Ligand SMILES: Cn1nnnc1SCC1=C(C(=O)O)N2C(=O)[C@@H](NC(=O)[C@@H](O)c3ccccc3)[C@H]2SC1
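In the form solved without the ligand, a lone chain appears below as structure tokens.
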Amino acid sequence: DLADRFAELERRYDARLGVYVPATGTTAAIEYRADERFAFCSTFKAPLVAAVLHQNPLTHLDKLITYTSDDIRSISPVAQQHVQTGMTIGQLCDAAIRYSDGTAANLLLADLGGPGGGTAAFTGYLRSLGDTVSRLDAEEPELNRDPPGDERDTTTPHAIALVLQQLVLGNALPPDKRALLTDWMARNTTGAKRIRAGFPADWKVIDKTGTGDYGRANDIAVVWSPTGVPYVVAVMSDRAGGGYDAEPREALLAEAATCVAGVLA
């Protein structure tokens, strides 16, 4: 039984687990703590890129953005390497999604602009997609650090699944912008041990991970069966019982995803 299996994993990892898979033609919604709030952590970077894509002509991707030492304040595997030359918006989108680049994300927030260094406009983008639940209040590094229970910088597996569904499978973005987003998630480098690990190799998996303090580990994905039937999978977790320095546990998500893949196969 699926809920039994998820509860078993929670006990195994001393964790809180949230899971949502939207209903399709022949499958019921899968939901476990799906309406509980979990920190976004880096999962926000996927809808962030969508916000920036949406807001601008496609060739805004070619705009060069410069930044300096005091802009590197978080894990930034790509931006740290290009600080001396700058990065285009396209390069920032790429790094934000594929390397979960924190500086790239901050610069993209600033590009989106408005109050809160773009956090207000980011939240507004989500509201435009009918998400009245999620909220972004801080950028990197602060957004991963809110205490367990605090609503700042949170989404829910349910809310984020419906947002991702519109972005990737629905018509939130024009086809060209949709393809850019989809392809970046498809080429993600951070996700091998999460949802990807739970689905057989003949299923296509695209994703954006999140990791944070208090043992936070998330992953949002779109997967396609070997016959091209897509499902959206959101998995979020925290281990508040270990305190701020609790280790995120990817294996939770891999196991949760295996359970899910078992039902969808």
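All residue numbers refer to positions in the sequence shown, first residue = 1.
Same protein, other form: the form deposited with the ligand bound, not shown, and the subject of what follows.
J.: My question is simply whether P175 lines the interface with the ligand in the bound PDB entry - judged by any non-hydrogen atom within 4.5 Å.
T.: Yes, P175 is a contact residue.
J.: If we define contact as a non-hydrogen atom of the residue within 4.5 angstroms of the partner, is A179 a contact of the ligand in the bound PDB entry?
T.: Yes.
J.: Just to confirm, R249 within 4.5 Å of the ligand in the bound PDB entry by heavy atoms?
T.: Heavy-atom contact with the ligand at 4.5 Å: present for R249.
J.: Might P57 be said to contact the ligand in the bound PDB entry, defining contact as any heavy atom within 4.5 Å?
T.: Outside the cut-off, so no.
J.: From the candidate stretches 179 to 187, 147 to 155, 111 to 119, 130 to 138, select the single one in contact with the ligand in the bound PDB entry, where contact means a heavy atom within 4.5 Å.
T.: Result of the contact check: 179 to 187.
J.: Could you tell me if all three of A51, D70 and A159 have a heavy atom no more than 4.5 Å from the ligand in the bound PDB entry?
T.: The answer is no: none of the three residues contacts the partner (heavy atom, 4.5 Å cut-off).
J.: Note that the ligand is not shown here; using its position in the bound PDB entry, name the residues of 190 to 213 with a heavy atom within 4.5 Å of it, in sequence order.
T.: Result: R194, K204, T211.
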